[PDB]
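Report on the following structure.
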Amino acid sequence: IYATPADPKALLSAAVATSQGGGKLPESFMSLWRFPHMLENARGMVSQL
Amino acid sequence: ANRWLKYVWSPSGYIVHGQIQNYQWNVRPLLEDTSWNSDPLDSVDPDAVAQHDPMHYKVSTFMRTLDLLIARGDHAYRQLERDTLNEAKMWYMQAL
Amino acid sequence: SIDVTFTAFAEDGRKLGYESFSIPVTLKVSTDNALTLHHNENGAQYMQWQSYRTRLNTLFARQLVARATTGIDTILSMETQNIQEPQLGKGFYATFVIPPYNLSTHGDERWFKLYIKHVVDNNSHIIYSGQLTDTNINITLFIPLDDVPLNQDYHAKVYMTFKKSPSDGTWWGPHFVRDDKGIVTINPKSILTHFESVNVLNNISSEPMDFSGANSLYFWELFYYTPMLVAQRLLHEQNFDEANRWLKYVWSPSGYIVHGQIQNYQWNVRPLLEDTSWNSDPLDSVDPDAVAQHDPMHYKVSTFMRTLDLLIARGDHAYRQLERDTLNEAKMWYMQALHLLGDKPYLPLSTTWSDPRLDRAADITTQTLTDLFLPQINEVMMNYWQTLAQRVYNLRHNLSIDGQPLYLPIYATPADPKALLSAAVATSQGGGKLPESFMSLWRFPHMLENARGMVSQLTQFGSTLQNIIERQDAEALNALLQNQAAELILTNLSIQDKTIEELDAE
Amino acid sequence: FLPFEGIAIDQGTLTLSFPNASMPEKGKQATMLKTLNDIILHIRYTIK
Amino acid sequence: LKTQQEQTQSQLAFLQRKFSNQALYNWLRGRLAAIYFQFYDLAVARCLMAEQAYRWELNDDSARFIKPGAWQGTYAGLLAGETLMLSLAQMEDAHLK
Amino acid sequence: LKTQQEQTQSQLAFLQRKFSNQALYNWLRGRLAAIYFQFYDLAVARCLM
Amino acid sequence: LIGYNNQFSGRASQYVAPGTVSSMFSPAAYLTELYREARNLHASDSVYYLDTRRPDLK
Amino acid sequence: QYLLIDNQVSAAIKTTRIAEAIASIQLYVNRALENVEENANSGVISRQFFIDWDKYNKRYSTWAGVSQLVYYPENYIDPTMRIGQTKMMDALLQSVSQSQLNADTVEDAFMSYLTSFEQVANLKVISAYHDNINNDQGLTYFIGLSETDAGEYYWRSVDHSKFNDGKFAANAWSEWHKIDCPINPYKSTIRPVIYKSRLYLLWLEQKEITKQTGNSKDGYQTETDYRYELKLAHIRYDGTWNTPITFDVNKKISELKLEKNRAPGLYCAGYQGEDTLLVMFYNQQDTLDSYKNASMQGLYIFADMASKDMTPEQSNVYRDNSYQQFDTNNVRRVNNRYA
Amino acid sequence: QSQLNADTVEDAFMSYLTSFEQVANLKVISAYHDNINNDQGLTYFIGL
């Protein structure tokens, strides 16, 4: 009936990350891939950048 | 996204020079001609059909407005809190 | 209003009569006093809108540069934070001492507020708020004055409220009057019933560095956040001793020595030394740092926590060595953390609730409790006692960090001397930054490839930096060369002018 | 990630749904469900 | 001297007719810059997805490694990539420990 | 000679106004250098692992 | 002084349990805040005045 | 949508009396904020509670989260993860980050921190504009000027929601930002305004235009047709400023009976909506009561940067409601939004 | 090339319209139809 209160430490990270740099950090969609897969994909994407 | 759609269509009207305008559509050719045509352009190009008969853009514009309201709804819906579900509801009720 | 007449006619033209309505239209425009900007004679700039005066500038930025120049200890000393600024405007400073908490007065609740009246209005404004402790509260406030007083017995009134008898009666609290020549006195008709003392600080025209002023944000970074950050990073690197030293720039549980003299304070950040009482009114914000700062007590607490985290980490570090001697070291460090926490506070819970109507519940503040709702315990802080209690329990019961049984020998197996040497040598070989290499789940060939990829990425940043450097220098030269061409041209121009004079001589 | 991975072992609710279960409407699970003795979940979870 | 005027004009003409003229570089810049920016947004989004995976595996939702300042408009995005590469290395380290 | 003087000054204006000026390299070096150092500490840590 | 109970102590007089109505973080606290703010969004003579729509809420 | 309760739900859904109240109200507010309900009280909408609605206050979960964050900030605050880190701190950190962290590394970083600081430590504050209706809500935008170079304009803003027991909570203030527009105002008649939710500033400049001959045949001119250009410019989303639009206000200024050395008082305030800027010029008086029944020369500026003269029939109203924001001799006042 | 917002598009419109102006009013000199009926096909135009 009543929502679990949001964890304030997370709200802060987001708030800092919202005003810092304008907060231009798009939604990180929850995916099917585990961290080491995504890490490698991101790394390849960055080295191309 | 909303603000930008208002440059083309703003249900509830516009304020110009502080005055209340009686038009809903901000594109002259969409504001003009409220009559869907009777003898459509014979073509294979949907863009040529629209323009020729501006009513088609008025409708696609309308749809985008609805798509936006829905997206706001779905966004809230997916947060799955009782509070955000009620929010989703109002967005759907507005689309209705 | 809009006058609306309802009227109608018959088929044959006969009037059927009428009815008239009037729809009122009200134009509501809120008005208030504008914020006012000022530039004083003493160079202070400030904003004023009520009786409140907010400093807009600072006049000693140069001194700070001069102090940083001589080293970290000069800039971060207490003396630095006592560089004074001019008072903002006509007014004076006065010290107020609020007596220790009692029940014969200040019953049940611990809050009090100080208000000022007859300064810009005959209404009141809060100039200080806080909560009564077991001892007194000694604060100094600037009391602003207008050009023309609103009261001829006194030019300002200050009074206290505190739930019990918050009366604001005539002569309750000091009444201040400005005499000629800038002298401020207390009108003797007034009564200091709610103060331990009031002292008008005649001849004080200044105040120390304003951590509430417009440029205060920079002082908070300079004196509080920077040293806390540095300690944070050193701790992550397991440099526990430096993190300790750095925390001492903010707080020394054992006090300080300054210029030989044993000093009488522990907090080395002026606004944390000051403000020894919780603000009774929380800041209505969403930003926890705006709340802290507004109420510096919160930083005092986070500082306290970091000090414990460090003691705990040192203990945990030792615990994990699993040598009985280090387990005893861990015990020692935990016992210190306990000494520092002191006794776990008793925090009784209330069952009193009036079940008020929502409309009554909507109790607000603007310009059997004094509020309706009550706070919770703060489990994060309470957990420090719970955490230490458990860690100590495990030592007392011969358990590991996670409560597992363990069977260590009474006397430790001697360390392998060859390994002790390689460690000593590497440490003294250079750098010294050879932190715990954590032995994780991955086997050597996995980690080798990972380290290798990490290094080739580094060699790429290396060559990239090399190119930037060579270019930075190439550009510096092209600019030099053009400035040099320009100078030679000017000389040639003088030569050509003389050449022309020569022809004229011919 | 596997189905349901990361859910706290003590929070929320699971539902198992058998479509076409109603007998009066001649569903397909309707005849099989009368022979279902139990439901067993096998839960693999980790402690960290 | 007249011939040196001719020679200068010939050199200017060359600069205006050689394939690798300024038009080429202005063009290459206009397109690469458009790509680089778009590519950056995609690169960030994936770094952010890797970050969500980090958070879901290590049950800690306060973690943030990707910093929003990587792309500076001033200096036209230079070193935005290198900035992100560091953030990923940090994320990876945080995972290993 | 006055012409040469002006030409020299327009070259300085070029050097100062062109995008790839000293300010750019000063910025790039400062920023990359911070990255390189931080990257290094991490590279070492993995080598040590 | 030494100890959390000697410094920092003496703030919030009485405390309440995390599930009671009396908690400042309880849904009732939330309701109270929403109400005091929403209560005056519309004119008192408007059809959308909160108390017009819901005379019982108060 | 009227009774704020869904009367078409199935009986399957359970709730509590409080939970429904915290729903009927949440809908009430959302319809007001989305302007479904077309005439909400703007002096209420403008309050910080609603400003935070979309991030924190529209859900119990986030509301509760924040309330805990703010009530016991010591459990969440961090020297790195914080709001209000200044540009100067970023610079500090960058040089600190280039080498080993130790005391010497930070001593040099502190020095550059401070020298960057000194430059804006004492800018003169010239003027400011409040963007709310309610003086304790919203933000005040300030424009200052370097104490060294004759030009160089800079701005700050202060969040009034962080103001409480007579003082601002330090990170309530933004750092100074530089305006790169080569502004050369006449008698510093510069005002910030929030217009179209952007930071705009406007000011007067005198254009000394005249003839090169005193009588157009043989002689020279003395002074000038000091034309008054009212310039309006705004910040771009990247922090830079664009080219100002110039409006002709000479007929308004010649009408005001100003002395040789007196710039007209300049009132500028955004209308609460409709992207309309209300500008009024006036002959500055010694006291505020002197503006009662005082004629003013104004203009409207619209988002479409056209303008219209403000008829005295209307300037008289704005005056009755907007004076007490007007400067008087020896003081300066902050204008706020007109609603 | 950058963040999408109103300013980005204003600059873009300015160059758009600039290019437009340059061809907005050419004189049409002549034209040719490519079919044998004037209701179908294309008419090609030469301007200056």
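Chains as they are written, first to last, in UniProt numbering: chain A, 1985 to 2033; chain B, 1792 to 1887; chain C, 1550 to 1916, 1943 to 2081; chain D, 2469 to 2516; chain E, 2227 to 2323; chain F, 2227 to 2275; chain G, 89 to 146; chain H, 969 to 1307; chain I, 1066 to 1113. The C-beta atom is built at its ideal place from N, Cα and C for all residues, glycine as well.
- The DSSP-derived three-state label of H:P1160 is strand.
- A direct Cα-Cα distance of roughly 12 Å separates I:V1093 from I:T1108.
- Contact annotation: B:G1804 and H:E1242 have beta-carbon atoms that are not nearer than 8 Å.
- For C:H1808, there is no enclosing beta strand (DSSP E), as DSSP gives it neither H nor E.
- Counting every other CB atom within 10 Å of its CB across the protein chains shown gives H:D1099 a total of 16 or more, marking it as buried.
- Counting every other CB atom within 10 Å of its CB across the protein chains shown gives C:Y1703 a total of 16 or more, marking it as buried.
- For the stretch 2262-2280 of chain E, the beta-carbon criterion of a distance under 8 Å to any beta-carbon of chain A is satisfied by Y2262, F2265, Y2266, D2267, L2268, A2269, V2270, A2271, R2272, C2273, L2274, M2275, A2276, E2277, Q2278, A2279 and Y2280.
- Spanning the alpha carbons of B:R1873 and A:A1987 requires a straight line of approximately 7 Å.
- Contact between the stretch 2003-2023 of chain C and the stretch 2305-2318 of chain E is absent: fewer than three C-beta pairs spanning the two stretches fall below 8 Å.
- Linking C:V1646 to H:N1139 through their CA atoms gives a straight-line distance of about 29 Å.
- Of the candidates C:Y1774, C:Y1798, C:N1631 and C:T2074, C:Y1798 places its Cα closest to the Cα of C:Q1815.
- For H:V1088, no CB of chain B lies under 8 Å from its own CB, so it is not counted at the interface with that chain.
- The C-beta of C:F2013 comes closer than 8 Å to at least one C-beta of chain E.
- Under DSSP, C:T1710 takes part in a beta bridge, and its partners are C:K1662.
- Against chain E, the CB of H:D1206 has a partner CB under 8 Å away; the residue lies at that interface.
- Residue contact with chain C for G:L119: present (Cβ-Cβ distance below 8 Å to some residue of chain C).
- By a beta-carbon distance limit of 8 Å, C:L1907 contacts G:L119. Their separation comes to about 7 Å.
- Against chain A, the CB of E:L2238 has no partner CB under 8 Å away; the residue lies outside that interface.
- Under the DSSP assignment, H:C1236 falls in the beta strand (DSSP E) whose first and last residues are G1233 to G1238.
- Closer than 8 Å at the C-beta level to chain F, one finds these residues of the stretch 2019-2040 of chain C: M2022, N2025, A2026, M2029, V2030, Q2032, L2033, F2036, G2037, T2039 and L2040.
- Taking 8 Å as the CB threshold, A:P2010 stays off the interface with chain H.
- Three or more Cβ pairs drawn from the stretch 1728-1743 of chain C and the stretch 1702-1720 of chain C lie within less than 8 Å of each other, which places the two stretches in contact.
- Cα atoms of H:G1106 and H:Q1016: separation of roughly 7 Å, rounded to the nearest angstrom.
- E:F2245 sits in coil when the DSSP states are folded into three classes, being neither helix nor strand.
- At a cut-off of 8 Å between beta-carbon atoms, H:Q1265 makes no contact with chain F.
- Shown here, H:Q1087 sits in a helix according to DSSP, grouped into three states.
- DSSP places C:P1737 outside both helix and strand once states are collapsed to three, so it counts as coil.
- The C-beta of I:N1070 comes closer than 8 Å to at least one C-beta of chain H.
- Using a Cβ-Cβ cut-off of 8 Å, C:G1620 counts as an interface residue toward chain H, since at least one Cβ of chain H sits closer than that to its own.
- By the Cβ test, the stretch 1124-1135 of chain H is not in contact with the stretch 1062-1082 of chain H, since fewer than three Cβ pairs between them sit closer than 8 Å.
- A Cβ-Cβ distance of about 7 Å is found for the pair H:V1074 and C:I1621, placing them in contact under the 8 Å criterion.
- In summary, no residue of the stretch 1082-1107 of chain H has a CB separated from any CB of chain A by less than 7 Å.
- Secondary structure at H:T1030: helix, using DSSP grouped into helix, strand and coil.
- B:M1854 and B:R1863 have their alpha carbons spaced roughly 14 Å apart.
- Closest in C-alpha terms to H:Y1196, from the list H:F1249, H:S1142 and H:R1027, comes H:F1249.
- Residue pairing by DSSP places H:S1125 opposite H:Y1109 in a beta bridge.
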